[PDB]
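Chemist: One structure coming up, written as structure tokens, with questions to follow.
Throughout, read-outs are computed from the coordinates displayed, never taken from laboratory work. Don't worry about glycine lacking a Cβ; one is built from the backbone with ideal geometry, like all the others, and counts go over all protein chains shown.
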Amino acid sequence: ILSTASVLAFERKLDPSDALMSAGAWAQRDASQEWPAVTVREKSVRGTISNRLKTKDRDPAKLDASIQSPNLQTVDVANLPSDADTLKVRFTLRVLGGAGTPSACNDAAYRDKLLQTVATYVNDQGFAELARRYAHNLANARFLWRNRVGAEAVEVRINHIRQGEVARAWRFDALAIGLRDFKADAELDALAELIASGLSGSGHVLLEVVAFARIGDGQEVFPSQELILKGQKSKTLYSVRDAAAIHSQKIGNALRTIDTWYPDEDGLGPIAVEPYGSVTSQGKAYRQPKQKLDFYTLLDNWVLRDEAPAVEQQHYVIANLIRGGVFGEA
Amino acid sequence: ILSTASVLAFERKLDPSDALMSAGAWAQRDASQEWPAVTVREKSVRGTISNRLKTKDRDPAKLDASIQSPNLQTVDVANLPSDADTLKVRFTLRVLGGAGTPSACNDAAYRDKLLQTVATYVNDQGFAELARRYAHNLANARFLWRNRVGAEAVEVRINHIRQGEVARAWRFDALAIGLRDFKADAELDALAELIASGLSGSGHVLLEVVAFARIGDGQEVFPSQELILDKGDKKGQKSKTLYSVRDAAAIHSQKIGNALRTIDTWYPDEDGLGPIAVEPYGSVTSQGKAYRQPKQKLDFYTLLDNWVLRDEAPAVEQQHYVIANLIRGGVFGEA
Amino acid sequence: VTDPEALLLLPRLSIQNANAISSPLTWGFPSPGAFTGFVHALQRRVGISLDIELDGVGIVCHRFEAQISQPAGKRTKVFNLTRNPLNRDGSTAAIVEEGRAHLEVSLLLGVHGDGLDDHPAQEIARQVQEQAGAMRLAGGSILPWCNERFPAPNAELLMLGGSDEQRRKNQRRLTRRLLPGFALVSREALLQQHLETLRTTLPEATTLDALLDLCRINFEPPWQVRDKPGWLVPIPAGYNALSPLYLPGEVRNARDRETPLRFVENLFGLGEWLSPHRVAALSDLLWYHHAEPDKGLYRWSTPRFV
Amino acid sequence: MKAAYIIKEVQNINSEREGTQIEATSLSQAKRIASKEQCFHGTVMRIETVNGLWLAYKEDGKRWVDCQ
Amino acid sequence: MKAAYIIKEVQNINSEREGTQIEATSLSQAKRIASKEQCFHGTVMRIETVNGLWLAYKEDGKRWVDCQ
Amino acid sequence: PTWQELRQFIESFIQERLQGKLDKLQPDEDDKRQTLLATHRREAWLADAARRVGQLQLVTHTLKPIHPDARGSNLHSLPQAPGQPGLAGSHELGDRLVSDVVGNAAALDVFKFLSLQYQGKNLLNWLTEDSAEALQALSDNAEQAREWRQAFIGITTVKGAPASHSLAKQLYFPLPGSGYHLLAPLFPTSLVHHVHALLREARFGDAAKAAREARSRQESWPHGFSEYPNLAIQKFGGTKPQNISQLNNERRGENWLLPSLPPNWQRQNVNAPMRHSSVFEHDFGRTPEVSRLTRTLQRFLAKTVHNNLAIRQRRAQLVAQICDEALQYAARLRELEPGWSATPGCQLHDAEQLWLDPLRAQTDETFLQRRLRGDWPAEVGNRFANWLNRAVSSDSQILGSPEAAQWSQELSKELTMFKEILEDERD
């Protein structure tokens, strides 16, 4: 009958690190191993009321009373130094491979059917569309989330790391490679074949990804933001040791932005590979289960009753299994 | 009639300590006595809801209303430093010895019959199949649980400590030794004979195990996660707590012990797993399925009663498993 | 009971999972009965072979790290547990909370007997340390100190000194060796006179109430805290009888059928943690057994202290 | 009698979202409303006052743990 | 019960004068005496012991912040 | 005293449980009220209750807190008082026994039936004594009354042979002559429930919360209160606290263990002086513990002589604890790390030489070892004494009275102690 398992736990593939951000000057990027770090510091802000009123605060007396005594805060800001115009964001990426084998499963025969399904996927077509788009998201510096939106020139240096040294180095222009077109290039296909060899298990792949972004002198960079528990302390930033940093799962969310196959319009561009494929910044969930195109119905129709989906839908399903997660009912 | 004892108990031999982990650079791992420790710190994560709907609330309204309310967490992580690509896990191992005598027994007739049976096993064939597989699980770094699954090169060093100093040094490459085959090597046989001499004698044998794993710069390592209940209030509560002995991440001792007892390849189901841990009613909690069920005659209890009471000595693999349960320890007994 | 002719010092012992639930009323450091049982097992295992009588223990506790965690929004604490294996069907077993802790104690065990002149003192100390290295103290493995800076060796102080100056000198040389800890002694006459004072204040007073009063911190109106002399703790001070003693082969499912069984229950006394030079006599501070089995009252304490 | 309650359905026992507000007669009524309004499978309900004080939570497959 | 308190009324939260001494039963009595003996508008009260340890302060228009 | 009133009370209670069952039945058909009024209304209720008696047991020492698949013996016994003074447990409660119930939880109606106070005392206390009011109220014949009472009084006795399970604990105790006893202990549930009620009174009681608010107002309240820090929680019923006991339903698990902790249970890491500002900060290098200790020293200024005797002995104990913590701080600072010999400079207050005992001898064997063995560096007690003279309040009144002479006397005594212990460091 072959129902789905009661536990399913997939380890995460493409492990990134915490992307450290330091700062320096452009046109000496080749000697940027001793660049001093960007330090999260505190500054005070005072804000007037700017939100909508709930039709009872529209009394001018209460409005002027609220405007006379505004709130005080102490945000955390992180700025470049006054004599530096380049943000260096450095992290390492470890491609694991073995994308079908779950780390936990109750049923055995379901696990054999899933392993056979993934094996025929790899036999029909290797990790070649997925590694191409992952090397695209490494190519343009999408992991620089808000640090990219106004940069003059971004440059991403990816080194393949052997035993203790580089084996094959790359260097891209992250603004030429757009945020919405998965085109072709020689260096992109070489990096895609390296990631393909990593994901299929034919070798150990460790990449070191450095991204220089030319913002400006003393401008504001944007690291990750923690959750908080007169000096209300309304904003807290992430820093590993007196040095700002982007979270690992934020870099992971930027690398998983390959899903160009969702049933609505492609005027938006690629989104993150998620079951019930959703975007927080837009509050909308493409691949709703009312249509037959989310992750769960596609996997349970692929592996139970063998309705093999379209090539792009099984691309999305294997991308979900690369992403990880906990699947299975109770 | 030689009835079973109402109280049976065996002390845990093969006793490991809490596996501290530290960090540093490869190719100066020979001077790795002053490497700094890996510290457990907090980080704040959020994301949407990914699991399956309960089929009666599939409407787009509450779906979009749910992805506009992400869940907010504070988790612990243990990362390597950004200038180090090696994880150094180090723990101490005691092989105690006297692996047949129970720590508690009602019947003296059961006691000397069981002691005679254990002596019959050990002079028939000593601890040389069990100690071979224990030396395998110390050789290939199976105690590095998730810290192993992507490493470029794992090297394990085991030094037998005398009264004050290193009596004999081993050095292995844990990726050349697989996780599912128990072959024969020279140093593996020497280590297995040391564990055999430990398990047979009366004095303890102390081993120091070091395991270097070349992961990468700043990647994530995985210590044990503390089982806590009654967690508290959601404004301050932490979602995932890692183990830390003295401001340094660590794998629990019983996790190292459960890794070292993964020698059981004689269970009747097919070895798509390979070896599993040694338990009475041998159960894999990652698999959620208890092999060696009592309906087949291949669990620990019935095998021990047939080996001691009615003297049906089973196959040599099954008495290997029985003596492995006795080295594992346990509390057995009916009312 | 008996003055020890020698006072052997076990060094700093690393114990990784001790039973932190000392009693049904106290958590924290393990019971003194664990240490007295440890030295009686040492006597049982090498005290016969070397013709000695190991008796009494000096508890020191250099370092204590309990595996607890404070839940968010509560004042009290909970325990970090372990994951049991499944049952034969795959369901999870019902968890029994057992507290663990990581200790670092030094044991001052008093040795006396005719084996002192038969062997050198360093050889008998080395043999008793090799036997201690393969035991367990309160449920925790004794970590045997490998590949550290330098192993701490033992020292059997002969208590019979040539002079009182020599006795005080060698006592001070020992107290320097076990200094960063905190020795634990039993103070029961202090609890008794505190019962007397509290019954002067208010009658029909239990000494459970006196133990509770000396445990807590309590404020007084003029606000100031009420002072306590030293670090007073509650400890389990042995057992008290419930059932009459049974015959050795009579109780069903005993640990042994050669030894009489008796259903007992705890007795909560009062201990104190002092710095080790405060006692000015290390020949005491050892914990002995006091049975008197005819009335129950299987209890431990330290006589000769004050 | 018509007391207001907050119902959050979150990932584990210690995760915070915003939850919807109901109005119920008793806490045993709010335990019955919240079990109906559970969208996903592996989530954990929780019942709150309007200020943030806890009332009860319930993991999936287990029964209602009641603290305050 | 008749404890002595020092009442300073200063310009901002961190300014030091000499303040007058009262004698009051409780700190809630000294909060009530000091609010009567406020000469000026935009000043900040503070209650002290005789040695200098703080008890409470109160900006104008806000309520009593209580540290020690 | 009259048996008719007792019979009416019994019929009223059985009818009360009947109307409770009919109310909690929510029935509309199937005619279950006839079986309810036949089984749960007649005097066959007491017959089936005497049937339910053999599952129950009144206990003060349950086994089930020890690992819950343990089918052993369970006792209702109060021990005799020990002759030795001081220590105590289970022999203090004279009237305040809660008398915990173990057995089948669905048969709790018999316990709530017997637990009432109908005339002046307990109903089991009535049936245990031969009385004319007893043995007749639940009766029309004498032999069935004798049978019902012989059932009802047996709940307080252990049923079966004495036994402890393999998962129960049992511990050898060395007798003074030779041989051992086996000592199976139990969980005292009356003790845990009584200490639990006292702790809940001291922590959540209104009479203590009033003084707790009165401290914040700094008013004068008649009595004080207490705080009990560092409690730990242990729960026995994992998810089903009803299966263990009946008093494990009042306290839902929640053992509320008191702390028995050594004073060095909070790890205080070591801080060594490096620079000049570190030499001024870490010369005393003082924990919050000595701050708490000398703060209570500052509260020992005013004194009347009949109390000032005891205040003086407490001052002696306090300065004794001060020099003990100073010596232990020196011990862990000198034997913990090599940080006293980490980096030199110009200012380390290097006349100390006590916080660097093996730091100047183990590496330099001829340079500073002769500079420490021959000097015997013990002048640090004078600077430490000058550190202590800031703890006394520099008032002219306490200077002019004899309290200054008494204070200087006890400081000189404990300073002599500190000096002579600092002296023998070379051996």
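Chemist: Greater than 23 Å separation of Cα atoms is the criterion. Which listed pairs, B:62/D:36; B:62/D:8; A:235/A:284; F:21/F:235; B:255/F:240, meet it?
Modeler: On the way: B:62/D:36 13 Å; B:62/D:8 13 Å; A:235/A:284 26 Å; F:21/F:235 32 Å; B:255/F:240 28 Å.
The answer is A:235/A:284; F:21/F:235; B:255/F:240.
Chemist: Check residue F:237: other-chain or 5+ apart residues with amide H under 5 Å from its amide H, H built from backbone geometry?
Modeler: Placed amide hydrogens put F:253 under 5 Å from residue F:237.
Chemist: Of all the stretches in chain F, which is the longest one without any exposed loop site, taking GluC sites (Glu not before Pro) in a DSSP loop (any state but H, G, I, E, B) with at most 12 other Cβ atoms within 10 Å?
Modeler: Details: sites that count: F:29, F:129, F:365.
For GluC sites (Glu not before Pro) (loop position, at most 12 other Cβ atoms within 10 Å), the longest site-free span of chain F is F:130-364.
Chemist: Same structure again: Under a 10 Å cutoff between Cα atoms, tell me which one of F:284, F:236, F:111 has the largest fluctuation in the Gaussian network model of chain F.
Modeler: Among F:284, F:236, F:111, the largest mean-square fluctuation in the Gaussian network model of chain F belongs to F:284.
Chemist: Per residue of D:4-10, what is the mean number of Cβ atoms on other protein chains within 10 angstrom of that residue's Cβ? Could the numbers behind the result be given before it?
Modeler: Working: counts 0, 0, 0, 0, 3, 4, 7.
Average per residue, whole number: 2.
Chemist: Does anything in the range A:100-132 have its amide N under 14 Å from the 7 Å Cα→Cβ label point of residue B:270, and if so which residues?
Modeler: Residues passing the 14 Å test: A:108-116.
Chemist: What is the Cα centroid distance between the range C:219-262 and the range F:380-422, reported in whole angstrom?
Modeler: 44 Å
Chemist: Let me ask something else about it. Measure nothing fancy, just the Cα-based angle from helix F:288-298's long axis to the longest principal axis of chain F, in degrees from 0 to 90, nearest 10.
Modeler: Roughly 80 degrees between the two axes.
Chemist: Where q = 0.09 Å⁻¹, what log10 of I(q)/I(0) comes from the Debye formula for chain C, counting one point per Cα?
Modeler: -0.55
Chemist: Under 5 Å between amide hydrogens, which residues at least 5 positions from residue C:107 or on another chain qualify, with H placed 1.01 Å from N in the peptide plane?
Modeler: C:10
Chemist: What is the spin-label model distance, in nm, from residue F:389 to residue A:292 if the labels are put 7 Å beyond Cα along the C-beta direction?
Modeler: Distance between label points: 9.5 nm.
Chemist: What is the spin-label model distance, in nm, from residue A:228 to residue F:341 if the labels are put 7 Å beyond Cα along the C-beta direction?
Modeler: The modelled label-to-label distance comes out at 5.1 nm.
Chemist: Treating only the Cβ of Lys, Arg, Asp and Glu as charged (+1, +1, -1, -1), what charge dipole size does the range A:14-121 show about its Cα centre? Round to the nearest 20 debye. Please list the in-between numbers first.
Modeler: Numbers: 14 positive and 13 negative charges, 99 e Å.
Computed about the Cα centre, the dipole is about 480 debye.
Chemist: Something else about it: For an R0 of 41 angstrom, estimate the FRET efficiency from the Cβ-Cβ distance between residue F:130 and residue F:169 and round to the nearest 0.05.
Modeler: On the way: r = 40 Å, r/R0 = 0.98.
The pair residue F:130/residue F:169 has a calculated efficiency of 0.55.
Chemist: Ordered by residue, what ³J(HN,Hα) values in Hz, to whole numbers, does the range C:46-58 give under the Karplus form 6.51 cos²θ - 1.76 cosθ + 1.60, where θ = phi - 60° and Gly and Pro are x?
Modeler: 10, x, 7, 6, 9, 6, 9, 9, 6, 8, x, 9, x
Chemist: Related question: About the Cα centre, and with charges only on the beta carbon of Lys, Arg (+1) and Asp, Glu (-1), how big is the dipole of the protein assembly as shown? Nearest 20 debye, please.
Modeler: Working: 185 positive and 187 negative charges, 652 e Å.
Value, rounded to 20: 3140 debye.
Chemist: Rank C:112, C:8, C:67 by how far each Cα sits towards the positive end of the charge dipole of the range C:4-181 (+1 on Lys, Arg Cβ; -1 on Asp, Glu Cβ) and give me just the farthest.
Modeler: C:67
Chemist: May I pose another question? Calculated FRET efficiency, residue D:49 and residue E:67, Cβ-Cβ r, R0 22 Å, to nearest 0.05? If you can, show how the numbers build up before the last one.
Modeler: Numbers: r = 28 Å, r/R0 = 1.29.
That pair, residue D:49 with residue E:67, gives E of 0.20.
Chemist: Further, regarding this structure: With point charges of +1 on the Cβ of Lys and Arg and -1 on the Cβ of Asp and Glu, referenced to the Cα centre of the range F:307-356, which listed residue (F:330, F:313, F:341) lies farthest in the positive direction of the dipole?
Modeler: F:313
Chemist: What ranking do C:292-304, F:265-277 get when scored by the average of other Cβ atoms within 10 Å per residue, highest first? Kindly include the intermediate steps, with their values, before the conclusion.
Modeler: Details: C:292-304: 18.5, F:265-277: 14.2.
So the peptides C:292-304, F:265-277, ranked by packing, come out C:292-304, F:265-277.
Chemist: Can you give the charge dipole size of chain D about its Cα centre, rounded to the nearest 20 debye, using +1 on the beta carbon of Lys and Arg and -1 on the beta carbon of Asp and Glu? Mind dumping the intermediate values first?
Modeler: Numbers: 10 positive and 9 negative charges, 47 e Å.
Dipole of chain D, to the nearest 20 debye: 220 debye.
Chemist: Right, here's the next one. If we sort B:191-198, A:271-278, D:53-60, C:85-92 on the protection proxy, mean other Cβ atoms within 10 Å, highest first, what's the order?
Modeler: On the way: B:191-198: 21.8, A:271-278: 23.9, D:53-60: 16.6, C:85-92: 14.1.
The densest-packed peptide leads the list: A:271-278, B:191-198, D:53-60, C:85-92.
Chemist: While we're looking at this one, here's another question. Calculate for the protein assembly as shown the 222 nm mean residue ellipticity that helices alone would give, adding -39,500 (n - 2.57) per DSSP H run of length 4 or more and normalising by residue count, nearest 500 deg cm²/dmol. All intermediate terms of the calculation are to be shown ahead of the outcome.
Modeler: Values: 37 runs with 422 residues, N = 1534.
Dividing the helical sum by the residues of the protein assembly as shown leaves -8500 deg cm²/dmol.
Chemist: Another question, then. If you take each beta carbon of peptide C:148-155 and count the beta carbons of other chains within 10 angstrom, what is the mean?
Modeler: Values: counts 1, 1, 1, 4, 0, 2, 0, 0.
Per residue, the average neighbour count from other chains is 1.
Chemist: At 0.36 nm per residue, and after removing the present C-alpha to C-alpha distance, how many nm does the segment from residue F:316 to residue F:364 gain when stretched out fully? Kindly include the intermediate steps, with their values, before the conclusion.
Modeler: Working: separation 48, 0.36 × 48 = 17.28 nm, distance 3.98 nm.
The residue F:316-residue F:364 span can extend by a further 13.3 nm.
Chemist: Let me ask something else about it. Of F:157, F:363, F:35, which is the most mobile in a GNM of chain F whose springs link Cα atoms less than 10 angstrom apart?
Modeler: With Cα springs under 10 Å in chain F, the top fluctuation among F:157, F:363, F:35 is at F:363.
Chemist: Tell me, what is the FRET efficiency for residue C:294 and residue C:258 to the nearest 0.05, using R0 = 25 angstrom and their Cβ-Cβ distance as r?
Modeler: Numbers: r = 20 Å, r/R0 = 0.81.
About 0.80, to the nearest 0.05.
Chemist: Another question about this same structure. May I ask you to list the trypsin sites (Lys or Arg not before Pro) in the range A:160-209 that are in a DSSP loop and have at most 15 other Cβ atoms within 10 Å of their Cβ?
Modeler: On the way: sites: A:162, A:168, A:171, A:180, A:183; in loops: A:162, A:171, A:180, A:183.
Listed in order of number, the matching sites are A:162, A:171, A:180, A:183.
Chemist: Here is a follow-up. Kindly list the residues of the range D:49-68 that lie in the label zone of residue F:105, defined by a backbone N under 19 Å from the point 7 Å along the Cα-to-C-beta vector.
Modeler: Only D:57-59, D:61-68 fall inside the zone, counting backbone N under 19 Å.
Chemist: Also, quick follow-up: Report, in whole Å, the centroid distance computed from the Cα atoms of the range C:1-26 and the range C:28-85.
Modeler: Spelled out, the Cα-based centre of one part sits 6 Å from the other.
Chemist: Hey, another quick one. Across peptide C:199-209, what mean number of C-beta atoms from other chains lies inside 10 Å of a residue's C-beta? All intermediate terms of the calculation are to be shown ahead of the outcome.
Modeler: Values: counts 0, 0, 0, 0, 0, 1, 1, 8, 6, 11, 3.
Averaged over the peptide's residues, the number is 3.
Chemist: What do you get for the angle between helix B:108-124 and the principal long axis of chain B? Use alpha-carbon atoms, 0 to 90 degrees, nearest ten.
Modeler: Value to nearest ten degrees: 80.
Chemist: Further question: Would you give the gap between the C-alpha center of the range B:109-143 and the C-alpha center of the range B:1-79, rounded to a whole Å?
Modeler: Rounded to whole Å, the Cα centres lie 33 Å apart.
Chemist: How far apart, in nm, are two points set 7 Å out from the Cα along the Cα-to-Cβ line at residue C:49 and at residue F:416?
Modeler: Once both label points are built, they end up 5.1 nm from each other.
Chemist: Between the helical axis of F:189-204 and the dominant principal axis of chain F, each derived from Cα atoms, what acute angle in degrees is found, rounded to the nearest 10?
Modeler: Here the helix axis deviates by roughly 60 degrees.
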